[PDB]
């Protein structure tokens, strides 16, 4: 099966702070709109729900689901 190499790099780092996702600090969080931002960038919007900056839908108030696809890919437990 094919795969896009440039797109694979984009999805592994937060589109805001441009740092690569981690399991704890920059944990990839799934907004209800489907876009993914890290936990730290998500904390900035926690000062008040949360409005996604790419599509203008808002995510309600952390019981947010993790981006399980990203976490499995960057898993290096072995």
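Positions refer to the first chain, counted from 1.
Interresidue gap class [residue 61, residue 62; deposited sequence, unmodelled] | Per the record, 1 to 3 deposited residues are absent between residue 61 and residue 62.
What number of residues from the deposited sequence go unmodelled in the gap from residue 48 to residue 49, classed as none, 1 to 3, 4 to 9, or 10 or more?
-> Per the deposited record, the segment joining residue 48 and residue 49 lacks coordinates for 1 to 3 residues.
Mean C-alpha B-factor comparison - 11 to 19 and 64 to 72, higher one = That would be 11 to 19.
Comparing 49 to 57 with 33 to 41, the one whose average Cα B-factor in the PDB entry is higher = The recorded data point to 49 to 57.
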